[PDB]
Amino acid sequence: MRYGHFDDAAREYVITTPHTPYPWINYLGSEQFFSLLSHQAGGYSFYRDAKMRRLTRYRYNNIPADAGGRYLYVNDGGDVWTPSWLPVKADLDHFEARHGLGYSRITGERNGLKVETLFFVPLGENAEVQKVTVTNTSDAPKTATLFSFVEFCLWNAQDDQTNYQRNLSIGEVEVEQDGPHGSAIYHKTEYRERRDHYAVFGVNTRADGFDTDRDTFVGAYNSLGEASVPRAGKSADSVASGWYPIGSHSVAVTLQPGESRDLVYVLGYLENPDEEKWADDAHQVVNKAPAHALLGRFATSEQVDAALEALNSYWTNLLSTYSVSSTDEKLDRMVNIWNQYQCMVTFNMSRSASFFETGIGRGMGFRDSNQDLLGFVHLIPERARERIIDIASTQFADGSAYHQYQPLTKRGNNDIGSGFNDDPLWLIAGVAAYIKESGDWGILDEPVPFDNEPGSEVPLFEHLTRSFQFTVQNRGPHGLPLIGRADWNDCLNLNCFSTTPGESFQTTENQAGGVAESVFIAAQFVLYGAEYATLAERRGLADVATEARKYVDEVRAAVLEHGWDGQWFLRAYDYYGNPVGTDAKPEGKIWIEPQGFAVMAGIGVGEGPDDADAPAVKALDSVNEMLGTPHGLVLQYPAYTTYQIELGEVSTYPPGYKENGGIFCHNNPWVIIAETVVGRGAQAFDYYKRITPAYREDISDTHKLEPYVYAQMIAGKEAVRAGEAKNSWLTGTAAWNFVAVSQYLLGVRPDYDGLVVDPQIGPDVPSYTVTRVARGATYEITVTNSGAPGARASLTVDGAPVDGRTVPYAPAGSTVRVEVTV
């Protein structure tokens, strides 16, 4: 069952019904202002920080879901309906929602009146613009009144939802019916005090009426679907004083058959210099200069169209760096559009706000943002550069770091815990990926502070040495890295032993002592420790590099000597020194993380894919057999059926969900990459298809969430809801799958001095061409792939055969034609 389809030419997903399995959203904005917009106009907007500067209010777990957003009530001769269907739910003759890149169009038609709304955040603007087109599709004149509606949030989302004892008395607004370009409403709660910002909601026409008080607009005992004002046919011109401020304007229109009318609405975030906050000496009236300027830039449809066109050009440019043309339109669709679009979203949102993440406790994750860089560096390297600096600035002198930082202030916090020992290494991963992509070796010289300490700056490279040394100086009795709070797996807390209900394992105090070690961090250290060594060598630090490689060899040696269970890699050693993830236990016999990451590091790789005796092959074979399901690879097997106190949060989840038997998509690409490493491209591509959006669209009724983006987890084989996803959009799954498909499956990956072309995708993709812009040059890579296992590519460049699979970077401005034969 499907509820829409992909429109590749328009780079949009077309949702053809309001009746989807779950609200399907799009993200508007790619700079500092963002909007979560569902196919039913639901959601909210915020500036830089979803917790601290949320413009509008949204209710998670509402009944029904997603009943609240940007609505346009249409009163046609007494009949009231909304084109987004919800909240009124009046029968519509036609409905369609198109989610595009940075914009969405939602159209609803009922009884001869069609209303189309274009939603988007213009480039360079901290605002959400709506271009509404009302068309009389009947054969007779029509007169209707349109009521816009948005519910404001009191900036601090957390305060908004919990501190009514105070905030029900602070709501303040200003009303400007006769502004320079039309009518506008100003939400200025706390502007009288510490806030130098306010929100504006206006329309490019002089409104017939307005409303700023929710209770008056909606009416007592009524839901948004039964709003009194629209039903009455006229605004109540309410002026709020506390309680719930809203933005609403009414506009009556008369249209002859076939005639249409445009209306442009703007929801904007404005700021004023402290000395320019007030229009009056008494400091009672807000200075509207920036608001009047904003409304002026979108006073006409022509201005809107120009901005939309600029946005389209912006995306065409971003997507011009990596593209592919093959015989698989689902693959191409993901690689050329959707996976890259999603990587921009994760780069901006981290794991903070979606229709699952509430935009409160989570900011920008240290681990999360570093990994997102992996799939974002080719898009806008200059912004990836700044992000690296912001991230490394929240790192501590000893190498450890804040697990996340507040988006608004860029300062780290422990709101979701601290002491995650896998964090430090991810910084090296990010910098390495960035340097391979840009060749910007100078970034290593950038002065970077520790915990934003003015005057504590040291070269970025020094930060990497702190990260590297942290792991070296924190290994257990087996020579494996100590796990600490937890490694990549947030629920593997071996230093917890909590018996206190309700207290988060993520933040709860941990027990000192013990010998808990992580096999995953060991693999992570081997993989990224090598990159550090390489970076140190290029920097002229020969001894440091030599030393670094010694440690790397020691750790990998430990994995093979103390991290092997027999047919797969061990997961870790608990607080007691006992093995975790061994066949010796009845549950949690094999964990996926080390299997994929150890092989990615090259640990246990043998003669070839046919070497059934190489550890890597045995491990991946165990992964296939024990963790495989038609929906992807489950985290571990069997899932824990009883609380295992020495393991922490993991066993608290019912079997088959999240970290306990759920398909945690984020780690699937590691197995995909591992498979290409051992030379089994066919299997790697297989795993890729099981979890990729375009391939799962045909089972939308099972996946349930957005069919155009990856989700964090799909219920596993042990779950009653097997195959059903949760936590869509914000997940490292996007960055990692893009790395997997673009760099390992399609095989085009940037290295320090050359571009590697190493296809390993199997026989399902026999021929394809990748256009890759790297270091200012364009590489047209034509591939003829037999897909034979173990078969590696041979190259020919500009007519002449070359040695190996690394094409040294050609000078900027050139076009290199690489002919690849696998």
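Residue positions are given as counts along the sequence shown, with the first one as 1.
A.B. asks: Tell me which of 96-104 and 590-598 has the higher mean C-alpha B-factor in the deposited entry.
C.D. replies: Taking the mean C-alpha B-factor of 96-104 and of 590-598, the larger value falls to 590-598.
A.B. asks: Would you determine, from the values in the PDB entry, which of 635-643 and 602-610 has the greater average C-alpha temperature factor?
C.D. replies: Averaging CA B-factors over each stretch, the winner is 602-610.
A.B. asks: Among the choices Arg194, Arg206, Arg749, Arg166, identify the one whose CA B-factor in the record is greatest.
C.D. replies: If I rank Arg194, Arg206, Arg749, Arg166 by C-alpha B-factor, first place goes to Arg749.
A.B. asks: For the listed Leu482, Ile691, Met344, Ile428, which has the peak Cα B-factor recorded in the PDB entry?
C.D. replies: Highest C-alpha B-factor among the listed residues goes to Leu482.
A.B. asks: According to the PDB entry, is the CA B factor of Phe685 in the bottom, middle or top third of its chain, that is, lowest, middle or highest?
C.D. replies: Answer is middle: the recorded C-alpha B-factor places it there.
A.B. asks: How does the C-alpha B factor of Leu37 compare with the rest of the chain: lowest, middle or highest third?
C.D. replies: Within its chain, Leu37 is a lowest-third residue by C-alpha B-factor, going by the deposited values.
A.B. asks: Compared with the other modelled residues in the chain, in which third is the CA B-factor of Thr189?
C.D. replies: For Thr189, the deposited C-alpha B-factor lands in the lowest third.
A.B. asks: Going by what the PDB entry lists, where does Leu28 fall on CA B-factor within its chain: lowest, middle or highest third?
C.D. replies: It belongs to the lowest third of the chain when residues are ordered by C-alpha B-factor.
A.B. asks: Where does the C-alpha B-factor of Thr771 rank in its chain, lowest, middle or highest third?
C.D. replies: Tercile = middle for this residue's CA B-factor.
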